[PDB]
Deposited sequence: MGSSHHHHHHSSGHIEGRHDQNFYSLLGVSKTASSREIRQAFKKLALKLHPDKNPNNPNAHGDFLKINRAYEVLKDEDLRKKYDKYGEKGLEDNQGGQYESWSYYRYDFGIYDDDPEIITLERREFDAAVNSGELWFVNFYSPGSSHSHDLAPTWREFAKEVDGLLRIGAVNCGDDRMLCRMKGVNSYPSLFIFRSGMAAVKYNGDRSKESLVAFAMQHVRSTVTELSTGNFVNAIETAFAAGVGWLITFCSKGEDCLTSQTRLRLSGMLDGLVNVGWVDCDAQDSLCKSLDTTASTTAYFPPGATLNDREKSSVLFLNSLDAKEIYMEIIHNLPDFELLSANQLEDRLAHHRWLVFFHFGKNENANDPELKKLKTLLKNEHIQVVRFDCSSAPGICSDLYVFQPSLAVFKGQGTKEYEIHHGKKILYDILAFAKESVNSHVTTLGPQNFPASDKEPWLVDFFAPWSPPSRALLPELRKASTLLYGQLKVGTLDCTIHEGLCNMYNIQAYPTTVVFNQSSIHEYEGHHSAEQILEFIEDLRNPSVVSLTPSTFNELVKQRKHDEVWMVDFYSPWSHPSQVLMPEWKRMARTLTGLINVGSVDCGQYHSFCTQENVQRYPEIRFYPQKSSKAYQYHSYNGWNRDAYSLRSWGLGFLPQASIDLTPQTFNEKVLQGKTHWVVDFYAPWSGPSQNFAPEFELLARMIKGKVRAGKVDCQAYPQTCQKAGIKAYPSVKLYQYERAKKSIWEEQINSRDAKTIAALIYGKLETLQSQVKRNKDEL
């Protein structure tokens, strides 16, 4: 199924596509939510246009904002399927991205796959506003426009300045790439050294020497990189990089490979630094050279980039459960608060990971810091780094955590490392997100989105079942407004039938939002008040009706079944009738020969399923009042009427739509037995 497409269960959407582009399994695997459930239980030119072009990052909605604001210059192509002006550009955009590899990031957004997110071209860089490109579509044009947004210093060097640049290099820890030009000869072009300046901004100084002007200087030897401390003289010549190429890319690659690695820290140095500052740390034991750009680009987020040799002090690493070379970002509290980067070690993605992580509140958990016997609310994500859905969840959790600061604590647990711990929470799939709150444990089953995770947390925070006090019972229930109704569960934690009821009580309540207020009263904690209210058995279910001329404070449910459907049905049963009871004559006159929309319940009094649906039908009648009228035909009293309406069994529901233009009624069967569903279905049909 994975290997039917010929990929691994570690495959990205991109690789699923590139492999698909050669069915069923694809539809399952492409869609993140259908891939979830499986994991534990035109094509030539219009599909995955940029899949095979690896210097183009195709961007989705969830990651877009973090990616383009991660710090590199970004140039994004917003396109569409079908749009032949998007097809027109694809070959150019591939070239263009190849041409500027190392200078800026090239991205593609498929507005076909998400218009929500959206033949257009834009430029993005952290801390500007986006700028919309308007020129023609050529490579050389797009290059230039990118260039006018790239910070580049090229400095012309006299003999005096060359020597001083050279001598002050070492103290500055920034070397010089210098081209040497005399006529009759070829040297780097002015646009080239500008491009090199951009590619190596913050890493190397770019300059040039006019060898006609600087005669003596140039007879000490064409482009040369000088590591800081290197010079043209005999003593140091041997570490100068001497190059002949006229091509920016080629020169750049030599330089980037050649640049020093990150500052190495001793154990002492690291503990000192981690205590209060933000650090990106490369752990190794005894990488794309592009990562060396990390230092420049995280400058303004005050994150310093460093590396650490685990082998020089293995205890620092083993306490962090770092067993393999890894990248961590620390957010300023020793080793308490850090996250480990998962996924491919690309500059833009490490950039986004680092800024998002230090600005959020996700903790890396292990056995000791695992919130065990901590009853304060916790949100824990159990995951495995190899899991594409697990990796996608992590940023959404960072987002959610910034909104939850001081409300609940967020952490991740790497099950690949802490298998024991994952086994003891019965984690059967990656990721599994769980809220811990007062001895209770709730598992999230929604879409991996900050929005939806937050919705789910807010719903735990204000549950559908209002947990009542003797005081909130008096304010909320006793003194309810006249048209409010309440259902209350008087329970004890030590009652079996109570423990059985609670989950049914909760499912019922969620269903009744906006219709019936639902509460519960712990008679263990509030004994004398439960005695006051004359509660004799646990559990005891009471309905507090609309206040009216009747003398009944409440009703006790005494029915045999205490499942959610039975209770929903019992409660909805007290609410007012809004349908009318039709006879054969009123049915013909008002529905068949009428000028309005009707919904009609054809039922029989002896019918269990008729009785069970009756309160549901009255809810429908109430909801739709003003747009559609509701009727009931008793098929027992009137079998003749029911037969002519084609009623086989009970209950049946029919929809009647009046179309004024045709002076006629259209008749339709409804198979849903859910008020909300029927209502939508009806409104949906009334405008068409």
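No C-alpha positions are given for the deposited-sequence stretches 1-22, 45-67, 87-103, 181-188, 292-296, 362-366, 769-780.
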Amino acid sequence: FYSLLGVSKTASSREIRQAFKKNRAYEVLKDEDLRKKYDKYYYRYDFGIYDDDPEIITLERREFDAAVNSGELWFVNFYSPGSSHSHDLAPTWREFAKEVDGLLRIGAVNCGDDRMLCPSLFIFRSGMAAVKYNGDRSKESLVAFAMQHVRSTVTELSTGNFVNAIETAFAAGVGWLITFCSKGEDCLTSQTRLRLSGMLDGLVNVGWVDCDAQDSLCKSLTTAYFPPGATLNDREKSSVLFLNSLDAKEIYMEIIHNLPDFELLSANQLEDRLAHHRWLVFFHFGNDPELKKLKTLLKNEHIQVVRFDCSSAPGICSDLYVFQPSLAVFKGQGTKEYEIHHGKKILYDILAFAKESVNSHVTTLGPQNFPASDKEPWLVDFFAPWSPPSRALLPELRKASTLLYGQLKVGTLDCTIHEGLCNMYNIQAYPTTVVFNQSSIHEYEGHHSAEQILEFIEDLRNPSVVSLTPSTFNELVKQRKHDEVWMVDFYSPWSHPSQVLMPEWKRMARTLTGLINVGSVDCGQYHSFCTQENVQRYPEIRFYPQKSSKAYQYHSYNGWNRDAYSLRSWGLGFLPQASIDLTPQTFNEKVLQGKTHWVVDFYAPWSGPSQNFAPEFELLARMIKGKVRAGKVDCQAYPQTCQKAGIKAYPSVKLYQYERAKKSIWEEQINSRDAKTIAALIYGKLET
From here on, numbers count along this sequence of modelled residues.
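Two stretches are in play, 51-59 and 624-632, and the higher mean C-alpha B-factor belongs to 51-59. A summary of the deposited B-factors shows that, of 146-154 and 462-470, the stretch with the larger mean C-alpha value is 146-154.
The PDB entry assigns the greatest CA B-factor among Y133, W176, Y544, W606 to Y133. Highest CA B-factor among the listed residues (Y656, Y638, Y650, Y45): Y45.
When the modelled residues of the chain are ordered by their C-alpha B factor, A67 lands in the middle third.
When the modelled residues of the chain are ordered by C-alpha B-factor, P493 sits in the highest third. When the modelled residues of the chain are ordered by C-alpha B-factor, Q585 sits in the middle third. When the modelled residues of the chain are ordered by C-alpha B-factor, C111 sits in the highest third. Remark: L619 belongs to the lowest third of its chain, ranked by C-alpha B-factor as recorded.
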